[PDB]
$ cat query-v9.cif   # mmCIF, C-alpha atoms and all ligand atoms
data_run
#
loop_
_atom_site.label_atom_id
_atom_site.label_comp_id
_atom_site.auth_asym_id
_atom_site.auth_seq_id
_atom_site.Cartn_x
_atom_site.Cartn_y
_atom_site.Cartn_z
CA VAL A 536 -23.21 -57.44 22.28
CA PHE A 537 -19.69 -58.83 22.11
CA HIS A 538 -16.68 -56.53 21.93
CA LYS A 539 -15.33 -56.58 18.38
CA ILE A 540 -11.72 -57.75 18.05
CA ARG A 541 -9.68 -56.94 14.95
CA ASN A 542 -8.21 -59.74 12.85
CA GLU A 543 -4.97 -57.77 13.07
CA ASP A 544 -4.83 -58.27 16.86
CA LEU A 545 -5.16 -62.08 16.66
CA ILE A 546 -2.27 -64.49 16.10
CA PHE A 547 -3.12 -68.15 15.48
CA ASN A 548 -0.51 -70.51 16.90
CA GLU A 549 -1.81 -74.05 17.31
CA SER A 550 -4.57 -76.16 15.77
CA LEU A 551 -6.61 -77.94 18.44
CA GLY A 552 -8.91 -79.95 16.19
CA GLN A 553 -12.63 -79.48 15.65
CA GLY A 554 -15.84 -78.97 17.53
CA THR A 555 -19.33 -79.38 16.10
CA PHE A 556 -18.99 -77.43 12.82
CA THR A 557 -16.14 -75.43 14.36
CA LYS A 558 -12.36 -75.27 14.08
CA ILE A 559 -10.48 -74.65 17.32
CA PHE A 560 -7.12 -72.94 17.79
CA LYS A 561 -4.83 -71.66 20.48
CA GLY A 562 -3.65 -68.13 19.84
CA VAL A 563 -2.70 -64.75 21.23
CA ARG A 564 -4.71 -61.54 21.43
CA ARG A 565 -2.90 -58.20 21.51
CA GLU A 566 -5.08 -55.89 23.59
CA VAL A 567 -5.23 -52.73 25.66
CA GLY A 568 -6.10 -53.85 29.19
CA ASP A 569 -6.48 -52.52 32.72
CA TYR A 570 -4.83 -49.08 32.84
CA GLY A 571 -3.96 -48.95 29.15
CA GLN A 572 -1.35 -51.65 29.75
CA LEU A 573 -0.63 -53.51 26.52
CA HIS A 574 -1.08 -57.27 26.99
CA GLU A 575 -0.49 -60.33 24.82
CA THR A 576 -3.21 -62.64 26.12
CA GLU A 577 -3.44 -66.36 25.48
CA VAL A 578 -6.79 -67.08 23.85
CA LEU A 579 -8.91 -69.99 22.62
CA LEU A 580 -10.33 -69.28 19.16
CA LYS A 581 -13.47 -71.03 17.85
CA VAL A 582 -13.94 -70.47 14.12
CA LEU A 583 -17.28 -70.75 12.35
CA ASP A 584 -17.67 -70.79 8.56
CA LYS A 585 -19.89 -67.87 7.55
CA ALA A 586 -21.36 -70.01 4.76
CA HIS A 587 -23.00 -72.14 7.47
CA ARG A 588 -25.23 -69.22 8.32
CA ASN A 589 -27.81 -70.87 10.57
CA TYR A 590 -25.08 -72.68 12.50
CA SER A 591 -23.11 -69.47 13.05
CA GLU A 592 -26.17 -67.48 14.13
CA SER A 593 -27.08 -70.20 16.65
CA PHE A 594 -23.52 -70.51 17.97
CA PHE A 595 -23.00 -66.80 18.56
CA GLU A 596 -26.46 -66.12 19.97
CA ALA A 597 -25.87 -68.91 22.50
CA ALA A 598 -22.42 -67.59 23.40
CA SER A 599 -23.76 -64.04 23.69
CA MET A 600 -26.77 -64.93 25.83
CA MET A 601 -24.62 -66.83 28.30
CA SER A 602 -21.87 -64.18 28.40
CA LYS A 603 -24.51 -61.70 29.56
CA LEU A 604 -24.46 -63.78 32.78
CA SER A 605 -21.08 -63.26 34.45
CA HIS A 606 -20.27 -66.13 36.80
CA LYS A 607 -17.22 -67.71 38.41
CA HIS A 608 -17.98 -71.11 36.81
CA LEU A 609 -18.88 -69.87 33.29
CA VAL A 610 -16.16 -69.37 30.70
CA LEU A 611 -15.18 -65.80 29.85
CA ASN A 612 -15.65 -64.71 26.26
CA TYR A 613 -13.55 -61.71 25.30
CA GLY A 614 -15.39 -60.87 22.08
CA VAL A 615 -15.77 -61.85 18.45
CA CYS A 616 -13.83 -61.22 15.23
CA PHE A 617 -16.13 -60.63 12.27
CA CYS A 618 -13.28 -61.12 9.83
CA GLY A 619 -14.38 -62.00 6.32
CA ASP A 620 -15.54 -65.51 5.48
CA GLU A 621 -15.51 -66.54 9.16
CA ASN A 622 -16.81 -65.40 12.53
CA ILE A 623 -14.46 -66.16 15.42
CA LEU A 624 -15.24 -66.44 19.13
CA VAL A 625 -12.31 -65.21 21.23
CA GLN A 626 -12.43 -67.03 24.56
CA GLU A 627 -10.24 -67.37 27.62
CA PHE A 628 -7.69 -70.15 27.38
CA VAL A 629 -8.29 -72.46 30.36
CA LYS A 630 -4.89 -73.84 31.29
CA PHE A 631 -5.62 -77.50 32.08
CA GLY A 632 -8.21 -78.03 29.37
CA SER A 633 -11.09 -80.48 29.11
CA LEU A 634 -11.92 -82.68 32.08
CA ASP A 635 -12.28 -85.92 30.12
CA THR A 636 -8.79 -85.49 28.65
CA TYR A 637 -7.45 -84.41 32.03
CA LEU A 638 -8.74 -87.59 33.66
CA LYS A 639 -7.11 -89.71 30.95
CA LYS A 640 -3.76 -87.92 31.22
CA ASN A 641 -3.81 -88.39 35.00
CA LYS A 642 -4.85 -92.05 34.61
CA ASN A 643 -7.88 -91.51 36.84
CA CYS A 644 -5.62 -91.02 39.87
CA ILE A 645 -8.01 -88.65 41.61
CA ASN A 646 -10.06 -89.56 44.65
CA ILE A 647 -13.81 -89.46 45.16
CA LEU A 648 -13.63 -86.11 46.99
CA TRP A 649 -12.06 -84.48 43.92
CA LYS A 650 -14.90 -85.82 41.77
CA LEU A 651 -17.50 -84.60 44.26
CA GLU A 652 -15.99 -81.10 44.31
CA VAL A 653 -16.06 -80.84 40.50
CA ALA A 654 -19.61 -82.20 40.41
CA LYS A 655 -20.71 -79.63 43.01
CA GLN A 656 -19.14 -76.76 41.08
CA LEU A 657 -20.87 -77.87 37.88
CA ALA A 658 -24.17 -78.19 39.76
CA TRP A 659 -23.81 -74.65 41.12
CA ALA A 660 -23.18 -73.37 37.60
CA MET A 661 -26.28 -75.19 36.35
CA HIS A 662 -28.32 -73.90 39.28
CA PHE A 663 -27.39 -70.35 38.25
CA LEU A 664 -28.45 -71.09 34.67
CA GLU A 665 -31.68 -72.69 35.90
CA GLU A 666 -32.54 -69.58 37.96
CA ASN A 667 -31.91 -67.50 34.82
CA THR A 668 -34.00 -69.97 32.76
CA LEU A 669 -31.11 -70.35 30.32
CA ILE A 670 -30.72 -73.72 28.63
CA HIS A 671 -27.12 -74.74 27.91
CA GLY A 672 -27.81 -77.86 25.84
CA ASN A 673 -24.25 -79.20 25.51
CA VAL A 674 -23.21 -80.22 29.01
CA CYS A 675 -20.52 -82.92 28.81
CA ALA A 676 -17.15 -83.61 30.38
CA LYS A 677 -15.23 -82.23 27.39
CA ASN A 678 -16.94 -78.88 28.00
CA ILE A 679 -15.84 -78.87 31.65
CA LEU A 680 -12.60 -76.86 31.73
CA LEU A 681 -10.05 -77.11 34.53
CA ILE A 682 -8.77 -73.70 35.60
CA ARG A 683 -6.71 -74.97 38.55
CA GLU A 684 -5.57 -78.34 39.84
CA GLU A 685 -6.14 -79.37 43.44
CA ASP A 686 -3.55 -78.06 45.93
CA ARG A 687 -3.28 -80.42 48.90
CA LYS A 688 -1.16 -78.02 50.96
CA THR A 689 -3.79 -75.26 50.95
CA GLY A 690 -6.80 -77.57 50.75
CA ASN A 691 -7.87 -75.83 47.55
CA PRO A 692 -10.01 -78.11 45.36
CA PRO A 693 -9.76 -78.21 41.58
CA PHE A 694 -11.71 -75.29 40.04
CA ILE A 695 -13.72 -75.66 36.84
CA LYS A 696 -15.67 -73.62 34.32
CA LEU A 697 -18.35 -74.62 31.84
CA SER A 698 -17.75 -73.90 28.14
CA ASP A 699 -20.05 -72.00 25.80
CA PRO A 700 -23.13 -73.83 24.50
CA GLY A 701 -22.18 -74.14 20.83
CA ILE A 702 -24.70 -74.69 18.05
CA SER A 703 -28.14 -75.51 19.44
CA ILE A 704 -29.55 -79.01 19.13
CA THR A 705 -32.68 -77.38 17.68
CA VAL A 706 -30.74 -76.64 14.46
CA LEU A 707 -28.21 -79.50 14.28
CA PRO A 708 -28.75 -82.48 11.96
CA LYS A 709 -30.52 -85.45 13.51
CA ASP A 710 -27.50 -87.66 12.85
CA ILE A 711 -25.38 -85.36 15.03
CA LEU A 712 -27.95 -85.48 17.82
CA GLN A 713 -27.95 -89.27 17.58
CA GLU A 714 -24.15 -89.29 17.76
CA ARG A 715 -24.60 -87.26 20.95
CA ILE A 716 -26.68 -89.94 22.68
CA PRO A 717 -26.65 -90.31 25.70
CA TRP A 718 -25.91 -86.64 26.39
CA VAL A 719 -28.91 -85.54 24.30
CA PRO A 720 -31.98 -86.77 26.25
CA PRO A 721 -34.61 -89.10 24.78
CA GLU A 722 -37.29 -86.43 24.42
CA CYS A 723 -34.94 -84.39 22.21
CA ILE A 724 -34.18 -87.36 19.98
CA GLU A 725 -37.96 -87.72 19.65
CA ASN A 726 -38.37 -84.02 18.79
CA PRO A 727 -35.64 -81.34 19.01
CA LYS A 728 -38.36 -78.82 19.96
CA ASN A 729 -38.56 -80.68 23.30
CA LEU A 730 -35.44 -78.75 24.35
CA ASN A 731 -36.13 -77.62 27.90
CA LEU A 732 -34.30 -76.86 31.12
CA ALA A 733 -34.94 -80.55 31.84
CA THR A 734 -32.51 -81.29 29.01
CA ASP A 735 -29.52 -80.13 31.04
CA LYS A 736 -30.50 -82.23 34.05
CA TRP A 737 -30.26 -85.37 31.89
CA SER A 738 -26.92 -84.30 30.37
CA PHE A 739 -25.57 -83.46 33.82
CA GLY A 740 -26.19 -87.09 34.73
CA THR A 741 -24.27 -88.27 31.69
CA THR A 742 -21.45 -85.88 32.58
CA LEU A 743 -21.28 -87.23 36.12
CA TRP A 744 -20.97 -90.72 34.60
CA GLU A 745 -17.98 -89.46 32.60
CA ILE A 746 -16.36 -87.87 35.67
CA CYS A 747 -16.79 -91.12 37.60
CA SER A 748 -15.57 -93.23 34.65
CA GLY A 749 -12.10 -91.73 34.23
CA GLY A 750 -13.07 -89.92 31.06
CA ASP A 751 -14.55 -92.89 29.25
CA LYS A 752 -17.44 -92.20 26.92
CA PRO A 753 -20.72 -94.01 27.71
CA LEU A 754 -22.12 -96.18 24.90
CA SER A 755 -19.01 -95.58 22.78
CA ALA A 756 -19.35 -99.12 21.37
CA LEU A 757 -22.82 -98.34 19.95
CA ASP A 758 -23.45 -96.74 16.56
CA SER A 759 -26.04 -94.04 15.84
CA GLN A 760 -28.74 -96.58 15.01
CA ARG A 761 -28.08 -98.74 18.08
CA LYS A 762 -28.03 -95.60 20.26
CA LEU A 763 -31.42 -94.50 18.93
CA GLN A 764 -32.66 -98.00 19.79
CA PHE A 765 -31.03 -97.78 23.24
CA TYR A 766 -33.56 -95.04 24.02
CA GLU A 767 -36.46 -96.73 22.20
CA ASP A 768 -35.79 -99.65 24.57
CA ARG A 769 -35.49 -97.23 27.55
CA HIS A 770 -32.16 -98.53 28.84
CA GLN A 771 -30.10 -96.74 31.48
CA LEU A 772 -26.34 -96.44 31.67
CA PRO A 773 -24.30 -98.98 33.64
CA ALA A 774 -23.11 -97.84 37.04
CA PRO A 775 -19.77 -96.01 36.63
CA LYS A 776 -16.42 -97.11 38.02
CA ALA A 777 -16.84 -94.85 41.06
CA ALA A 778 -20.26 -96.13 42.11
CA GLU A 779 -20.75 -93.39 44.71
CA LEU A 780 -22.66 -91.23 42.22
CA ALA A 781 -24.60 -94.05 40.54
CA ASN A 782 -27.84 -93.16 42.32
CA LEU A 783 -27.56 -89.47 41.42
CA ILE A 784 -26.82 -90.32 37.78
CA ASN A 785 -29.92 -92.53 37.58
CA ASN A 786 -32.06 -89.90 39.29
CA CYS A 787 -30.93 -87.23 36.78
CA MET A 788 -31.23 -89.54 33.73
CA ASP A 789 -34.97 -89.92 34.24
CA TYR A 790 -36.90 -90.73 31.08
CA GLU A 791 -39.67 -88.47 32.43
CA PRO A 792 -38.28 -84.91 32.05
CA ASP A 793 -40.61 -83.46 34.70
CA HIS A 794 -39.23 -85.90 37.31
CA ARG A 795 -35.60 -84.80 37.02
CA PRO A 796 -34.59 -83.02 40.24
CA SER A 797 -33.73 -79.35 40.46
CA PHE A 798 -30.07 -78.39 40.64
CA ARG A 799 -30.75 -77.03 44.13
CA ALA A 800 -31.86 -80.54 45.11
CA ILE A 801 -28.89 -82.01 43.25
CA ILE A 802 -26.50 -79.81 45.25
CA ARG A 803 -28.03 -80.99 48.53
CA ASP A 804 -27.60 -84.60 47.40
CA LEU A 805 -23.94 -84.04 46.54
CA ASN A 806 -23.34 -82.33 49.88
CA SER A 807 -24.81 -85.32 51.74
CA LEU A 808 -22.24 -87.70 50.19
CA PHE A 809 -19.59 -86.04 52.39
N1 LIG B 1 -11.77 -72.18 26.42
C1 LIG B 1 -10.90 -73.38 26.40
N2 LIG B 1 -9.66 -73.46 26.93
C2 LIG B 1 -9.19 -74.71 26.69
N3 LIG B 1 -7.84 -75.04 27.21
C3 LIG B 1 -7.08 -76.12 26.58
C4 LIG B 1 -7.47 -76.66 25.29
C5 LIG B 1 -6.66 -77.72 24.76
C6 LIG B 1 -5.52 -78.15 25.54
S1 LIG B 1 -4.45 -79.53 24.87
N4 LIG B 1 -4.38 -79.36 23.09
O1 LIG B 1 -5.08 -80.86 25.32
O2 LIG B 1 -3.09 -79.46 25.59
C7 LIG B 1 -5.14 -77.60 26.82
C8 LIG B 1 -5.95 -76.55 27.35
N5 LIG B 1 -10.10 -75.48 26.00
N6 LIG B 1 -11.19 -74.60 25.81
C9 LIG B 1 -12.46 -74.90 25.14
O3 LIG B 1 -13.39 -74.08 25.13
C10 LIG B 1 -12.61 -76.32 24.46
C11 LIG B 1 -13.73 -77.11 24.89
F1 LIG B 1 -14.60 -76.54 25.87
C12 LIG B 1 -13.94 -78.42 24.30
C13 LIG B 1 -13.00 -78.92 23.31
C14 LIG B 1 -11.87 -78.11 22.90
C15 LIG B 1 -11.66 -76.80 23.49
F2 LIG B 1 -10.55 -75.97 23.12
#
$ encode --input "query-v9.cif" --output "structure tokens" --more "lines below"
Ligand SMILES: Nc1nc(Nc2ccc(S(N)(=O)=O)cc2)nn1C(=O)c1c(F)cccc1F
Amino acid sequence: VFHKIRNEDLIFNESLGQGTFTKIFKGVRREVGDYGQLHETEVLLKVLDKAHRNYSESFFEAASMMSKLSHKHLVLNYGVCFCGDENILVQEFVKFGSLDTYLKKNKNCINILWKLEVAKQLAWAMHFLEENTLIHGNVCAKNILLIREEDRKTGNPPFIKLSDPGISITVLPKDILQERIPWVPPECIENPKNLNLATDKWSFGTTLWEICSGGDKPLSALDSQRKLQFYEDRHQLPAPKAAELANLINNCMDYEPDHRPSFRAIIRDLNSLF
């Protein structure tokens, strides 16, 4: 159960747009921290409309279930504000933000080893979720958050965390799931009850394509109807700009869910590319 945070201890400072039936803000939390030290902590606030009851329930159950699993590559949730007409997730603010935006702002001037390190970290996170039989369901480059940039002097790689799952595809409207092709796998377009650990293996492939494509979105030129037909016709994505991961992407984006490799196997594959 999430720690409750009082509306009175939250300041909203900056609008950061919208997620899927969410409004996102940067703000500050006034808290009592380690040793009774008063802190003013930068926070990321995700606001759900209480009137969208099934969406909110799904969102906060997903966030809660994953926050029960502390992990270096999973975002820290501080708690929730049940304040009136809205329920608010209070989350750590990750300094360098979403990986797709990061790659655009840096004009894809990162080398293949940087991409491999981020891919490995994501794979380790997903391996941990797989061992805990916890489906994420919204793996994508925008939900990869950069804590730290690479430091060439120390050899430190970039360091990432994976965002909270959001509203489950089992409750979202079909048109939203179709918009989310090709992150949502074909079996889930067919029936959202086909959600399975296999789902995240497919989406991991799509996310690798993003990482290797400088933050481009695959199939952006296709509308919801032509994306649904892209699966009906069983097409695969084009090889990304950095072709080094093309084989791994194809192996993960397997139309047969049971053939998608384990994240343990995926990690070994990534290691062998170096
Ligand atoms: N927890 C979290 N921290 C951030 N850091 C952030 C956000 C925006 C910027 S900006 N306006 O480009 O300069 C810079 C740093 N994002 N974040 C999220 O969960 C998050 C997400 F996963 C997807 C989309 C939006 C988010 F907000």
$ residues_around --input "query-v9.cif" --residues "region 608-620 of chain A" --least-positions-apart "2" --cutoff "7 Å" --atoms "only C-alpha atoms" --output "ChimeraX atom specification"
/A:537-542,584-585,602,606,622-627,660,695-699
$ residues_near_ligand --input "query-v9.cif" --ligand "ligand LIG 1 (chain B)" --cutoff "9 Å" --atoms "all atoms listed in the file" --output "PyMOL selection string"
chain A and resi 549-554+559-561+578-581+610-612+625-633+636-637+676-682+696-699
$ residues_around --input "query-v9.cif" --residues "region 751-756 of chain A" --least-positions-apart "2" --cutoff "12 Å" --atoms "only C-alpha atoms" --output "number ranges by chain"
A: 634-639, 642-643, 675-677, 713-718, 738, 740-749, 758-766, 770-776
$ atom_distance --input "query-v9.cif" --atom1 "CA of residue 601 (chain A)" --atom2 "CA of residue 798 (chain A)"
17.8 Å
$ atom_distance --input "query-v9.cif" --atom1 "CA of residue 597 (chain A)" --atom2 "CA of residue 669 (chain A)"
9.5 Å
$ closest_residue --input "query-v9.cif" --among "A:591, A:782, A:576, A:656" --to "residue 802 (chain A)" --atoms "only C-alpha atoms"
A:656
$ axis_aligned_box --input "query-v9.cif" --around "region 628-639 of chain A" --padding-each-side "3 Å" --output "AutoDock Vina command-line options"
--center_x -8.6 --center_y -79.9 --center_z 30.5 --size_x 13.4 --size_y 25.6 --size_z 12.3
$ atom_distance --input "query-v9.cif" --atom1 "CA of residue 703 (chain A)" --atom2 "CA of residue 789 (chain A)"
21.8 Å
$ closest_residue --input "query-v9.cif" --among "A:644, A:704, A:726, A:577" --to "residue 555 (chain A)" --atoms "only C-alpha atoms"
A:704
$ residues_around --input "query-v9.cif" --residues "residue 734 (chain A)" --least-positions-apart "3" --cutoff "9 Å" --atoms "only C-alpha atoms" --output "PDB file with C-alpha atoms, in the coordinates of the input"
ATOM      1  CA  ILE A 670     -30.720 -73.720  28.630  1.00  0.00           C
ATOM      2  CA  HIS A 671     -27.120 -74.740  27.910  1.00  0.00           C
ATOM      3  CA  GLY A 672     -27.810 -77.860  25.840  1.00  0.00           C
ATOM      4  CA  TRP A 718     -25.910 -86.640  26.390  1.00  0.00           C
ATOM      5  CA  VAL A 719     -28.910 -85.540  24.300  1.00  0.00           C
ATOM      6  CA  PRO A 720     -31.980 -86.770  26.250  1.00  0.00           C
ATOM      7  CA  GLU A 722     -37.290 -86.430  24.420  1.00  0.00           C
ATOM      8  CA  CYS A 723     -34.940 -84.390  22.210  1.00  0.00           C
ATOM      9  CA  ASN A 729     -38.560 -80.680  23.300  1.00  0.00           C
ATOM     10  CA  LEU A 730     -35.440 -78.750  24.350  1.00  0.00           C
ATOM     11  CA  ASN A 731     -36.130 -77.620  27.900  1.00  0.00           C
ATOM     12  CA  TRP A 737     -30.260 -85.370  31.890  1.00  0.00           C
ATOM     13  CA  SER A 738     -26.920 -84.300  30.370  1.00  0.00           C
ATOM     14  CA  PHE A 739     -25.570 -83.460  33.820  1.00  0.00           C
ATOM     15  CA  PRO A 792     -38.280 -84.910  32.050  1.00  0.00           C
TER      16      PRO A 792
END
$ closest_residue --input "query-v9.cif" --among "A:665, A:710, A:652, A:544" --to "residue 685 (chain A)" --atoms "all atoms listed in the file"
A:652
$ residues_around --input "query-v9.cif" --residues "residue 702 (chain A)" --least-positions-apart "5" --cutoff "6 Å" --atoms "only C-alpha atoms" --output "list in words"
residues 590, 593 and 594 of chain A
$ closest_residue --input "query-v9.cif" --among "A:805, A:707, A:733, A:783" --to "residue 587 (chain A)" --atoms "all atoms listed in the file"
A:707
$ closest_residue --input "query-v9.cif" --among "A:564, A:575, A:588, A:649" --to "residue 621 (chain A)" --atoms "only C-alpha atoms"
A:588
$ closest_residue --input "query-v9.cif" --among "A:648, A:668, A:607, A:757" --to "residue 694 (chain A)" --atoms "all atoms listed in the file"
A:607
$ decode --input "query-v9.cif" --residues "region 602-654 of chain A" --atoms "C-alpha atoms" --output "mmCIF file, in the first residue's frame"
data_model
loop_
_atom_site.group_PDB
_atom_site.id
_atom_site.type_symbol
_atom_site.label_atom_id
_atom_site.label_comp_id
_atom_site.auth_asym_id
_atom_site.auth_seq_id
_atom_site.Cartn_x
_atom_site.Cartn_y
_atom_site.Cartn_z
ATOM 1 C CA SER A 602 6.523 -0.814 -6.448
ATOM 2 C CA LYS A 603 6.348 -3.877 -4.197
ATOM 3 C CA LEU A 604 9.418 -5.012 -6.191
ATOM 4 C CA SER A 605 12.289 -2.678 -5.318
ATOM 5 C CA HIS A 606 14.933 -2.700 -8.044
ATOM 6 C CA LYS A 607 17.747 -0.481 -9.286
ATOM 7 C CA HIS A 608 16.184 -0.260 -12.786
ATOM 8 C CA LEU A 609 12.541 0.292 -11.715
ATOM 9 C CA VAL A 610 11.267 3.796 -11.024
ATOM 10 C CA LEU A 611 10.684 4.767 -7.401
ATOM 11 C CA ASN A 612 7.166 5.751 -6.440
ATOM 12 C CA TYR A 613 6.970 7.827 -3.281
ATOM 13 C CA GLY A 614 3.240 7.434 -2.694
ATOM 14 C CA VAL A 615 -0.166 8.670 -3.784
ATOM 15 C CA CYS A 616 -2.326 11.714 -3.057
ATOM 16 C CA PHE A 617 -6.003 10.807 -2.749
ATOM 17 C CA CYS A 618 -7.026 14.447 -3.027
ATOM 18 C CA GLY A 619 -10.618 14.971 -4.091
ATOM 19 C CA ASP A 620 -11.648 14.530 -7.712
ATOM 20 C CA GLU A 621 -8.229 13.106 -8.646
ATOM 21 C CA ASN A 622 -5.762 10.439 -7.557
ATOM 22 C CA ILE A 623 -2.124 11.435 -8.030
ATOM 23 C CA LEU A 624 0.945 9.209 -8.292
ATOM 24 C CA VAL A 625 3.992 10.905 -6.741
ATOM 25 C CA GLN A 626 7.080 9.554 -8.488
ATOM 26 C CA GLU A 627 10.779 10.291 -8.557
ATOM 27 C CA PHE A 628 11.775 12.917 -11.092
ATOM 28 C CA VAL A 629 14.379 11.305 -13.374
ATOM 29 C CA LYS A 630 16.704 14.112 -14.404
ATOM 30 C CA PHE A 631 17.338 13.398 -18.102
ATOM 31 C CA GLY A 632 13.842 12.213 -18.937
ATOM 32 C CA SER A 633 12.571 9.893 -21.641
ATOM 33 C CA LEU A 634 15.066 8.072 -23.844
ATOM 34 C CA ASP A 635 13.324 8.805 -27.153
ATOM 35 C CA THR A 636 13.394 12.550 -26.432
ATOM 36 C CA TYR A 637 16.961 12.280 -25.152
ATOM 37 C CA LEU A 638 18.098 10.675 -28.396
ATOM 38 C CA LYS A 639 16.432 13.437 -30.420
ATOM 39 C CA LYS A 640 17.950 16.222 -28.318
ATOM 40 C CA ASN A 641 21.393 14.646 -28.706
ATOM 41 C CA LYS A 642 20.829 14.148 -32.456
ATOM 42 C CA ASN A 643 21.580 10.426 -32.148
ATOM 43 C CA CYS A 644 25.237 11.188 -31.380
ATOM 44 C CA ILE A 645 25.698 8.117 -29.205
ATOM 45 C CA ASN A 646 27.675 5.068 -30.232
ATOM 46 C CA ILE A 647 26.592 1.442 -30.467
ATOM 47 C CA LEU A 648 28.123 0.595 -27.076
ATOM 48 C CA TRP A 649 25.882 3.173 -25.379
ATOM 49 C CA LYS A 650 22.836 1.589 -27.023
ATOM 50 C CA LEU A 651 23.962 -1.896 -25.989
ATOM 51 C CA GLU A 652 24.419 -0.808 -22.365
ATOM 52 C CA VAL A 653 20.913 0.689 -22.207
ATOM 53 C CA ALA A 654 19.450 -2.395 -23.890
#
